[PDB]
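Enquirer: This one is my_file.cif, mmCIF, C-alpha atoms and all ligand atoms.
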data_protein
loop_
_atom_site.group_PDB
_atom_site.id
_atom_site.type_symbol
_atom_site.label_atom_id
_atom_site.label_comp_id
_atom_site.auth_asym_id
_atom_site.auth_seq_id
_atom_site.Cartn_x
_atom_site.Cartn_y
_atom_site.Cartn_z
ATOM 1 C CA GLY A 1 16.708 4.311 0.507
ATOM 2 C CA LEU A 2 14.526 6.696 2.549
ATOM 3 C CA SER A 3 16.194 10.028 3.405
ATOM 4 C CA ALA A 4 15.775 12.257 6.482
ATOM 5 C CA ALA A 5 13.608 14.605 4.381
ATOM 6 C CA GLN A 6 11.535 11.966 2.554
ATOM 7 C CA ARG A 7 10.747 10.200 5.851
ATOM 8 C CA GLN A 8 9.403 13.575 7.034
ATOM 9 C CA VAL A 9 7.698 14.476 3.731
ATOM 10 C CA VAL A 10 5.860 11.149 4.141
ATOM 11 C CA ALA A 11 4.218 11.961 7.496
ATOM 12 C CA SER A 12 3.390 15.393 6.020
ATOM 13 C CA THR A 13 1.379 13.942 3.108
ATOM 14 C CA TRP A 14 -0.248 11.141 5.139
ATOM 15 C CA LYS A 15 -1.691 13.554 7.722
ATOM 16 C CA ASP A 16 -3.855 15.073 4.953
ATOM 17 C CA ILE A 17 -4.944 12.292 2.567
ATOM 18 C CA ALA A 18 -5.708 9.847 5.399
ATOM 19 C CA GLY A 19 -6.822 12.489 7.944
ATOM 20 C CA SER A 20 -9.745 10.500 9.396
ATOM 21 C CA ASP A 21 -10.475 8.092 6.519
ATOM 22 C CA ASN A 22 -6.871 6.838 6.865
ATOM 23 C CA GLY A 23 -6.836 6.651 3.047
ATOM 24 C CA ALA A 24 -10.334 5.180 2.594
ATOM 25 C CA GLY A 25 -10.613 6.827 -0.844
ATOM 26 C CA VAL A 26 -6.928 6.041 -1.514
ATOM 27 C CA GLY A 27 -7.037 2.223 -1.515
ATOM 28 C CA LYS A 28 -10.486 1.825 -3.114
ATOM 29 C CA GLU A 29 -9.285 4.004 -6.018
ATOM 30 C CA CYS A 30 -5.740 2.571 -6.026
ATOM 31 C CA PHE A 31 -6.336 -1.203 -5.945
ATOM 32 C CA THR A 32 -9.253 -0.640 -8.354
ATOM 33 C CA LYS A 33 -6.945 0.396 -11.218
ATOM 34 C CA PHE A 34 -4.491 -2.331 -10.145
ATOM 35 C CA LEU A 35 -7.093 -5.129 -10.260
ATOM 36 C CA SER A 36 -8.219 -3.832 -13.676
ATOM 37 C CA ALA A 37 -4.818 -3.304 -15.343
ATOM 38 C CA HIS A 38 -3.902 -6.565 -13.575
ATOM 39 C CA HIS A 39 -6.485 -9.289 -14.293
ATOM 40 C CA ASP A 40 -4.061 -11.975 -13.063
ATOM 41 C CA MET A 41 -4.445 -10.530 -9.543
ATOM 42 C CA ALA A 42 -8.112 -9.449 -9.716
ATOM 43 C CA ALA A 43 -8.966 -13.086 -8.902
ATOM 44 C CA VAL A 44 -6.301 -13.134 -6.163
ATOM 45 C CA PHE A 45 -8.003 -10.282 -4.269
ATOM 46 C CA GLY A 46 -11.533 -11.704 -4.620
ATOM 47 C CA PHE A 47 -13.215 -9.343 -7.112
ATOM 48 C CA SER A 48 -14.705 -9.723 -10.609
ATOM 49 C CA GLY A 49 -12.940 -6.642 -12.024
ATOM 50 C CA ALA A 50 -12.282 -3.011 -11.032
ATOM 51 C CA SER A 51 -16.009 -2.436 -10.406
ATOM 52 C CA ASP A 52 -16.378 -4.442 -7.173
ATOM 53 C CA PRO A 53 -16.858 -2.678 -3.843
ATOM 54 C CA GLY A 54 -14.600 -5.343 -2.288
ATOM 55 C CA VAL A 55 -11.623 -3.354 -3.614
ATOM 56 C CA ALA A 56 -12.443 -0.410 -1.325
ATOM 57 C CA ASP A 57 -12.520 -3.082 1.405
ATOM 58 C CA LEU A 58 -8.892 -4.099 0.762
ATOM 59 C CA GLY A 59 -7.307 -0.761 -0.225
ATOM 60 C CA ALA A 60 -9.078 0.944 2.702
ATOM 61 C CA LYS A 61 -7.607 -1.755 4.974
ATOM 62 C CA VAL A 62 -4.258 -1.722 3.133
ATOM 63 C CA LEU A 63 -3.810 2.075 3.182
ATOM 64 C CA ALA A 64 -4.078 2.009 6.997
ATOM 65 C CA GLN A 65 -1.039 -0.308 7.111
ATOM 66 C CA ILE A 66 1.072 2.195 5.145
ATOM 67 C CA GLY A 67 -0.213 4.839 7.586
ATOM 68 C CA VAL A 68 1.111 2.913 10.604
ATOM 69 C CA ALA A 69 4.251 2.230 8.540
ATOM 70 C CA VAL A 70 4.641 5.913 7.592
ATOM 71 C CA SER A 71 5.415 6.644 11.267
ATOM 72 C CA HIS A 72 8.688 4.665 11.089
ATOM 73 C CA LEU A 73 9.960 4.300 7.487
ATOM 74 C CA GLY A 74 13.581 3.569 8.480
ATOM 75 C CA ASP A 75 12.480 2.544 11.992
ATOM 76 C CA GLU A 76 12.267 -1.213 11.320
ATOM 77 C CA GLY A 77 12.183 -1.999 15.060
ATOM 78 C CA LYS A 78 8.378 -2.345 15.167
ATOM 79 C CA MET A 79 7.057 -1.121 11.790
ATOM 80 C CA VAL A 80 8.392 -4.310 10.164
ATOM 81 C CA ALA A 81 7.044 -6.264 13.160
ATOM 82 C CA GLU A 82 3.459 -5.741 11.942
ATOM 83 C CA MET A 83 4.215 -5.472 8.206
ATOM 84 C CA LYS A 84 6.363 -8.632 8.283
ATOM 85 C CA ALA A 85 3.355 -10.364 9.878
ATOM 86 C CA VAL A 86 1.121 -9.311 6.964
ATOM 87 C CA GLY A 87 3.367 -11.204 4.521
ATOM 88 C CA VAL A 88 3.141 -14.327 6.709
ATOM 89 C CA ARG A 89 -0.631 -13.893 6.287
ATOM 90 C CA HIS A 90 -0.562 -13.281 2.516
ATOM 91 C CA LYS A 91 1.445 -16.496 1.990
ATOM 92 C CA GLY A 92 -1.540 -18.222 3.651
ATOM 93 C CA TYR A 93 -4.240 -16.546 1.530
ATOM 94 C CA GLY A 94 -6.713 -18.228 -0.853
ATOM 95 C CA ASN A 95 -5.034 -17.446 -4.198
ATOM 96 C CA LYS A 96 -1.851 -18.961 -2.706
ATOM 97 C CA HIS A 97 0.229 -16.706 -4.981
ATOM 98 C CA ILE A 98 0.951 -13.047 -4.117
ATOM 99 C CA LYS A 99 4.161 -11.438 -5.385
ATOM 100 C CA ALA A 100 6.326 -8.484 -4.350
ATOM 101 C CA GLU A 101 6.594 -7.652 -8.061
ATOM 102 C CA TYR A 102 2.917 -6.646 -7.838
ATOM 103 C CA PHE A 103 3.533 -4.564 -4.681
ATOM 104 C CA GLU A 104 5.710 -1.936 -6.417
ATOM 105 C CA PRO A 105 3.109 -1.356 -9.127
ATOM 106 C CA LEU A 106 0.264 -1.256 -6.579
ATOM 107 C CA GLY A 107 2.475 1.184 -4.637
ATOM 108 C CA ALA A 108 3.553 3.460 -7.511
ATOM 109 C CA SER A 109 0.032 3.475 -8.994
ATOM 110 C CA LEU A 110 -1.142 4.442 -5.489
ATOM 111 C CA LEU A 111 0.759 7.755 -5.610
ATOM 112 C CA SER A 112 -1.172 8.663 -8.780
ATOM 113 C CA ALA A 113 -4.313 8.325 -6.633
ATOM 114 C CA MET A 114 -2.975 10.239 -3.602
ATOM 115 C CA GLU A 115 -2.897 13.408 -5.743
ATOM 116 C CA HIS A 116 -6.702 13.014 -5.844
ATOM 117 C CA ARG A 117 -6.988 14.244 -2.232
ATOM 118 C CA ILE A 118 -3.972 16.554 -1.780
ATOM 119 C CA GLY A 119 -3.686 17.393 -5.502
ATOM 120 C CA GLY A 120 -2.812 20.978 -4.489
ATOM 121 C CA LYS A 121 -0.320 19.834 -1.824
ATOM 122 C CA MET A 122 1.096 16.792 -3.649
ATOM 123 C CA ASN A 123 4.439 18.336 -4.687
ATOM 124 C CA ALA A 124 7.587 16.681 -6.100
ATOM 125 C CA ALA A 125 9.032 16.046 -2.615
ATOM 126 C CA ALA A 126 5.672 14.435 -1.742
ATOM 127 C CA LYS A 127 5.367 11.972 -4.653
ATOM 128 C CA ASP A 128 9.101 11.135 -4.547
ATOM 129 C CA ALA A 129 9.138 10.577 -0.764
ATOM 130 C CA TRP A 130 6.101 8.269 -0.847
ATOM 131 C CA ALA A 131 7.435 6.557 -3.988
ATOM 132 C CA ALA A 132 10.692 5.691 -2.186
ATOM 133 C CA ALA A 133 8.933 5.024 1.138
ATOM 134 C CA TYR A 134 6.274 2.764 -0.423
ATOM 135 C CA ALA A 135 9.204 0.476 -1.311
ATOM 136 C CA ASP A 136 10.138 0.149 2.379
ATOM 137 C CA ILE A 137 6.537 -0.253 3.589
ATOM 138 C CA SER A 138 5.516 -2.843 0.977
ATOM 139 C CA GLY A 139 9.075 -4.234 0.995
ATOM 140 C CA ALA A 140 9.043 -4.853 4.765
ATOM 141 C CA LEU A 141 5.896 -6.935 4.154
ATOM 142 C CA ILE A 142 7.939 -9.235 1.883
ATOM 143 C CA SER A 143 9.796 -10.469 4.996
ATOM 144 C CA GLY A 144 7.101 -12.899 6.188
ATOM 145 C CA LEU A 145 5.617 -13.125 2.664
ATOM 146 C CA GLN A 146 6.283 -15.975 0.204
ATOM 147 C CA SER A 147 6.143 -19.020 2.512
HETATM 148 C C1 LIG A 201 0.094 -6.552 -4.988
HETATM 149 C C2 LIG A 201 0.176 -7.685 -4.205
HETATM 150 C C3 LIG A 201 -0.807 -7.986 -3.285
HETATM 151 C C4 LIG A 201 -1.783 -8.903 -3.421
HETATM 152 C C5 LIG A 201 -2.016 -9.787 -4.596
HETATM 153 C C6 LIG A 201 -2.567 -8.852 -2.212
HETATM 154 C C7 LIG A 201 -3.668 -9.637 -1.978
HETATM 155 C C8 LIG A 201 -4.442 -9.592 -0.846
HETATM 156 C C9 LIG A 201 -5.604 -10.419 -0.628
HETATM 157 C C10 LIG A 201 -6.152 -11.447 -1.556
HETATM 158 C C11 LIG A 201 -6.095 -10.079 0.578
HETATM 159 C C12 LIG A 201 -7.294 -10.656 1.248
HETATM 160 C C13 LIG A 201 -8.451 -10.888 0.273
HETATM 161 C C14 LIG A 201 -9.756 -10.802 1.014
HETATM 162 O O1 LIG A 201 -10.113 -9.678 1.455
HETATM 163 O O2 LIG A 201 -10.427 -11.860 1.155
HETATM 164 C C15 LIG A 201 -5.230 -9.046 1.096
HETATM 165 C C16 LIG A 201 -5.401 -8.441 2.316
HETATM 166 C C17 LIG A 201 -4.588 -7.464 2.834
HETATM 167 N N1 LIG A 201 -3.484 -6.951 2.193
HETATM 168 FE FE1 LIG A 201 -2.780 -7.435 0.431
HETATM 169 N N2 LIG A 201 -2.081 -7.912 -1.334
HETATM 170 C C18 LIG A 201 -0.996 -7.376 -1.990
HETATM 171 C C19 LIG A 201 -0.193 -6.387 -1.480
HETATM 172 C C20 LIG A 201 -0.353 -5.794 -0.253
HETATM 173 C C21 LIG A 201 0.508 -4.757 0.264
HETATM 174 C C22 LIG A 201 1.682 -4.148 -0.424
HETATM 175 C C23 LIG A 201 0.037 -4.441 1.485
HETATM 176 C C24 LIG A 201 0.556 -3.503 2.354
HETATM 177 C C25 LIG A 201 0.459 -2.152 2.086
HETATM 178 C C26 LIG A 201 -1.114 -5.281 1.710
HETATM 179 C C27 LIG A 201 -1.883 -5.242 2.846
HETATM 180 C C28 LIG A 201 -2.991 -6.019 3.076
HETATM 181 C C29 LIG A 201 -3.791 -5.952 4.275
HETATM 182 C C30 LIG A 201 -3.564 -5.063 5.450
HETATM 183 C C31 LIG A 201 -4.784 -6.849 4.124
HETATM 184 C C32 LIG A 201 -5.872 -7.147 5.097
HETATM 185 C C33 LIG A 201 -5.363 -7.906 6.325
HETATM 186 C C34 LIG A 201 -6.327 -7.718 7.465
HETATM 187 O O3 LIG A 201 -7.376 -8.415 7.473
HETATM 188 O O4 LIG A 201 -6.034 -6.873 8.353
HETATM 189 N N3 LIG A 201 -1.350 -6.113 0.640
HETATM 190 N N4 LIG A 201 -4.215 -8.749 0.217
#
Rewrite the structure of this file - the entire thing - as structure tokens.
Expert:
Amino acid sequence: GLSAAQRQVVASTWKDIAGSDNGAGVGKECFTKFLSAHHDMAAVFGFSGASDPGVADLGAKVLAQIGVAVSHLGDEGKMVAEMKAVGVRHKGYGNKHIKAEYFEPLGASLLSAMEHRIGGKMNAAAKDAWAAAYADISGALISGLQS
């Protein structure tokens, strides 16, 4: 699971990529590749491919969640309180599908995008900490997900 160092290496890489945009250019470029490589979900998000500005609307709003979740990682006292609520919302979306199997990929593929901003600071302890933490952030959302 998350370690004492990874949990810290997470808040150290989120205070640079998000900064003020909170990951605005991290979700629009992350979900974009996901929607494309994943056409079965492109219709679930509400786009016609990886060329719709709507993606930046979801990723930008999704990245923020991970940001608020990066300040807790193991702290599931409140972090899961909001994330768990997201799942309860996804289960009541329009596609009526959503799967945690897609979360991992959308999470791992996200790290490949993070390097875009802190490409000079994204070190091994940074991509491995967010790769293991993304499982707890997106995983905690699977609590209220899947009605
Ligand atoms: C890969 C599986 C996922 C699918 C298919 C999915 C799909 C969606 C869809 C369809 C929407 C709303 C579409 C619209 O804008 O009309 C949405 C919103 C959202 N998703 Fe996801 N999502 C997934 C994973 C995640 C994960 C892992 C997170 C957490 C990091 C997340 C966080 C959010 C947030 C925060 C919103 C917006 C809620 C708000 O209005 O505040 N989603 N998602």
Enquirer: Return as a PyMOL selection string every polymer residue, whether protein, DNA or RNA, with at least one atom no more than 7 Å from an atom of ligand LIG 201 (chain A); count all atoms listed in the file.
Expert: chain A and resi 41+44-46+58+61-63+65-66+86+90+93-95+98-100+102-103+106-107+137-138+141
Enquirer: Using all atoms listed in the file, which of the listed residues (A:78, A:72, A:127, A:28) sits closest to residue 60 of chain A?
Expert: A:28
Enquirer: Compute the distance from (6.9, 16.0, -5.7) to each atom, counting all atoms listed in the file, keep the residues with any atom at most 12 Å away, and return them as a list in words; use the coordinates of the file.
Expert: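 Counting all atoms listed in the file, I find these residues within 12 Å of (6.9, 16.0, -5.7): residues 6, 9, 10, 13, 111, 112, 114, 115, 118, 119, 120, 121, 122, 123, 124, 125, 126, 127, 128, 129, 130, 131 and 132 of chain A.
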Enquirer: Enter the distance from atom CA of residue 26 of chain A to atom CA of residue 57 of chain A, in Å, rounded to one decimal.
Expert: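 It comes out at 11.1 Å.
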Enquirer: Find the spatial neighbours of residue 48 of chain A, counting all atoms listed in the file, within a cut-off of 12 Å - ignore same-chain residues fewer than 4 positions away - and output them as JSON, numbers by chain.
Expert: {"A": [32, 35, 36, 38, 39, 40, 41, 42, 43, 44, 52, 53, 54, 55]}
Enquirer: Expressed in Å to a single decimal, how great is the separation between atom CA of residue 2 of chain A and atom CA of residue 73 of chain A?
Expert: 7.1 Å
Enquirer: One number please: atom CA of residue 143 of chain A to atom CA of residue 24 of chain A, in Å, one decimal.
Expert: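 Distance between the two atoms: 25.6 Å.
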Enquirer: Restricting the calculation to all atoms listed in the file, which member of A:110, A:133, A:140, A:79 is positioned closest to residue 5 of chain A?
Expert: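 Comparing A:110, A:133, A:140, A:79 against residue 5 of chain A, the winner is A:133.
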Enquirer: Any chance you could model N, CA and C atoms for segment 99-133 of chain A and send them as a PDB file, in the frame of the given file?
Expert:
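Heads up, here's the output in selection.pdb:
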ATOM      1  N   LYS A  99       2.773 -11.719  -4.950  1.00  0.00           N
ATOM      2  CA  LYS A  99       4.161 -11.438  -5.385  1.00  0.00           C
ATOM      3  C   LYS A  99       4.562 -10.003  -5.035  1.00  0.00           C
ATOM      4  N   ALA A 100       5.810  -9.835  -4.676  1.00  0.00           N
ATOM      5  CA  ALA A 100       6.326  -8.484  -4.350  1.00  0.00           C
ATOM      6  C   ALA A 100       6.431  -7.689  -5.650  1.00  0.00           C
ATOM      7  N   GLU A 101       6.518  -8.369  -6.762  1.00  0.00           N
ATOM      8  CA  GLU A 101       6.594  -7.652  -8.061  1.00  0.00           C
ATOM      9  C   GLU A 101       5.300  -6.865  -8.246  1.00  0.00           C
ATOM     10  N   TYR A 102       4.219  -7.365  -7.706  1.00  0.00           N
ATOM     11  CA  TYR A 102       2.917  -6.646  -7.838  1.00  0.00           C
ATOM     12  C   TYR A 102       2.845  -5.513  -6.806  1.00  0.00           C
ATOM     13  N   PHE A 103       3.567  -5.631  -5.726  1.00  0.00           N
ATOM     14  CA  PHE A 103       3.533  -4.564  -4.681  1.00  0.00           C
ATOM     15  C   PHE A 103       3.994  -3.232  -5.278  1.00  0.00           C
ATOM     16  N   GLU A 104       5.181  -3.200  -5.823  1.00  0.00           N
ATOM     17  CA  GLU A 104       5.710  -1.936  -6.417  1.00  0.00           C
ATOM     18  C   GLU A 104       4.636  -1.247  -7.267  1.00  0.00           C
ATOM     19  N   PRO A 105       4.147  -1.955  -8.250  1.00  0.00           N
ATOM     20  CA  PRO A 105       3.109  -1.356  -9.127  1.00  0.00           C
ATOM     21  C   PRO A 105       1.936  -0.858  -8.281  1.00  0.00           C
ATOM     22  N   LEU A 106       1.403  -1.693  -7.433  1.00  0.00           N
ATOM     23  CA  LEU A 106       0.264  -1.256  -6.579  1.00  0.00           C
ATOM     24  C   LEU A 106       0.706  -0.074  -5.714  1.00  0.00           C
ATOM     25  N   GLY A 107       1.983   0.049  -5.470  1.00  0.00           N
ATOM     26  CA  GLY A 107       2.475   1.184  -4.637  1.00  0.00           C
ATOM     27  C   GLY A 107       2.641   2.419  -5.523  1.00  0.00           C
ATOM     28  N   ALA A 108       3.359   2.291  -6.607  1.00  0.00           N
ATOM     29  CA  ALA A 108       3.553   3.460  -7.511  1.00  0.00           C
ATOM     30  C   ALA A 108       2.192   3.950  -8.007  1.00  0.00           C
ATOM     31  N   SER A 109       1.375   3.060  -8.498  1.00  0.00           N
ATOM     32  CA  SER A 109       0.032   3.475  -8.994  1.00  0.00           C
ATOM     33  C   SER A 109      -0.742   4.150  -7.860  1.00  0.00           C
ATOM     34  N   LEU A 110      -0.427   3.819  -6.637  1.00  0.00           N
ATOM     35  CA  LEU A 110      -1.142   4.442  -5.489  1.00  0.00           C
ATOM     36  C   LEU A 110      -0.834   5.940  -5.444  1.00  0.00           C
ATOM     37  N   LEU A 111       0.403   6.308  -5.641  1.00  0.00           N
ATOM     38  CA  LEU A 111       0.759   7.755  -5.610  1.00  0.00           C
ATOM     39  C   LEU A 111      -0.124   8.516  -6.601  1.00  0.00           C
ATOM     40  N   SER A 112      -0.318   7.973  -7.772  1.00  0.00           N
ATOM     41  CA  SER A 112      -1.172   8.663  -8.780  1.00  0.00           C
ATOM     42  C   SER A 112      -2.549   8.938  -8.176  1.00  0.00           C
ATOM     43  N   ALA A 113      -2.978   8.114  -7.259  1.00  0.00           N
ATOM     44  CA  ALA A 113      -4.313   8.325  -6.633  1.00  0.00           C
ATOM     45  C   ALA A 113      -4.196   9.342  -5.494  1.00  0.00           C
ATOM     46  N   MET A 114      -3.140   9.277  -4.732  1.00  0.00           N
ATOM     47  CA  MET A 114      -2.975  10.239  -3.602  1.00  0.00           C
ATOM     48  C   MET A 114      -3.234  11.668  -4.093  1.00  0.00           C
ATOM     49  N   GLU A 115      -2.684  12.029  -5.218  1.00  0.00           N
ATOM     50  CA  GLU A 115      -2.897  13.408  -5.743  1.00  0.00           C
ATOM     51  C   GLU A 115      -4.392  13.741  -5.739  1.00  0.00           C
ATOM     52  N   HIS A 116      -5.234  12.749  -5.835  1.00  0.00           N
ATOM     53  CA  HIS A 116      -6.702  13.014  -5.844  1.00  0.00           C
ATOM     54  C   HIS A 116      -7.095  13.846  -4.621  1.00  0.00           C
ATOM     55  N   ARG A 117      -6.627  13.476  -3.459  1.00  0.00           N
ATOM     56  CA  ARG A 117      -6.988  14.244  -2.232  1.00  0.00           C
ATOM     57  C   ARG A 117      -6.129  15.509  -2.128  1.00  0.00           C
ATOM     58  N   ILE A 118      -4.853  15.357  -1.899  1.00  0.00           N
ATOM     59  CA  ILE A 118      -3.972  16.554  -1.780  1.00  0.00           C
ATOM     60  C   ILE A 118      -3.375  16.900  -3.148  1.00  0.00           C
ATOM     61  N   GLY A 119      -4.203  17.056  -4.146  1.00  0.00           N
ATOM     62  CA  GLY A 119      -3.686  17.393  -5.502  1.00  0.00           C
ATOM     63  C   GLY A 119      -3.015  18.770  -5.467  1.00  0.00           C
ATOM     64  N   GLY A 120      -3.425  19.620  -4.566  1.00  0.00           N
ATOM     65  CA  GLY A 120      -2.812  20.978  -4.489  1.00  0.00           C
ATOM     66  C   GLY A 120      -1.596  20.938  -3.559  1.00  0.00           C
ATOM     67  N   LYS A 121      -1.484  19.921  -2.749  1.00  0.00           N
ATOM     68  CA  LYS A 121      -0.320  19.834  -1.824  1.00  0.00           C
ATOM     69  C   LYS A 121       0.653  18.761  -2.317  1.00  0.00           C
ATOM     70  N   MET A 122       0.191  17.857  -3.136  1.00  0.00           N
ATOM     71  CA  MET A 122       1.096  16.792  -3.649  1.00  0.00           C
ATOM     72  C   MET A 122       2.198  17.427  -4.501  1.00  0.00           C
ATOM     73  N   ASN A 123       3.327  17.712  -3.910  1.00  0.00           N
ATOM     74  CA  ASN A 123       4.439  18.336  -4.687  1.00  0.00           C
ATOM     75  C   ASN A 123       5.472  17.269  -5.061  1.00  0.00           C
ATOM     76  N   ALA A 124       6.544  17.667  -5.695  1.00  0.00           N
ATOM     77  CA  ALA A 124       7.587  16.681  -6.100  1.00  0.00           C
ATOM     78  C   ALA A 124       8.149  15.963  -4.869  1.00  0.00           C
ATOM     79  N   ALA A 125       8.471  16.693  -3.834  1.00  0.00           N
ATOM     80  CA  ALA A 125       9.032  16.046  -2.615  1.00  0.00           C
ATOM     81  C   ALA A 125       7.975  15.150  -1.961  1.00  0.00           C
ATOM     82  N   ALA A 126       6.737  15.281  -2.352  1.00  0.00           N
ATOM     83  CA  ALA A 126       5.672  14.435  -1.742  1.00  0.00           C
ATOM     84  C   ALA A 126       5.517  13.135  -2.535  1.00  0.00           C
ATOM     85  N   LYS A 127       5.528  13.211  -3.839  1.00  0.00           N
ATOM     86  CA  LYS A 127       5.367  11.972  -4.653  1.00  0.00           C
ATOM     87  C   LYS A 127       6.684  11.190  -4.681  1.00  0.00           C
ATOM     88  N   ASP A 128       7.795  11.858  -4.524  1.00  0.00           N
ATOM     89  CA  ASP A 128       9.101  11.135  -4.547  1.00  0.00           C
ATOM     90  C   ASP A 128       9.365  10.500  -3.176  1.00  0.00           C
ATOM     91  N   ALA A 129       8.919  11.135  -2.128  1.00  0.00           N
ATOM     92  CA  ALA A 129       9.138  10.577  -0.764  1.00  0.00           C
ATOM     93  C   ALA A 129       8.246   9.352  -0.565  1.00  0.00           C
ATOM     94  N   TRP A 130       7.020   9.428  -1.002  1.00  0.00           N
ATOM     95  CA  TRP A 130       6.101   8.269  -0.847  1.00  0.00           C
ATOM     96  C   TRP A 130       6.484   7.183  -1.853  1.00  0.00           C
ATOM     97  N   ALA A 131       7.029   7.570  -2.975  1.00  0.00           N
ATOM     98  CA  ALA A 131       7.435   6.557  -3.988  1.00  0.00           C
ATOM     99  C   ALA A 131       8.623   5.758  -3.448  1.00  0.00           C
ATOM    100  N   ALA A 132       9.514   6.408  -2.749  1.00  0.00           N
ATOM    101  CA  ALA A 132      10.692   5.691  -2.186  1.00  0.00           C
ATOM    102  C   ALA A 132      10.295   5.028  -0.865  1.00  0.00           C
ATOM    103  N   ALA A 133       9.371   5.616  -0.157  1.00  0.00           N
ATOM    104  CA  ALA A 133       8.933   5.024   1.138  1.00  0.00           C
ATOM    105  C   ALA A 133       8.031   3.817   0.870  1.00  0.00           C
TER     106      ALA A 133
END
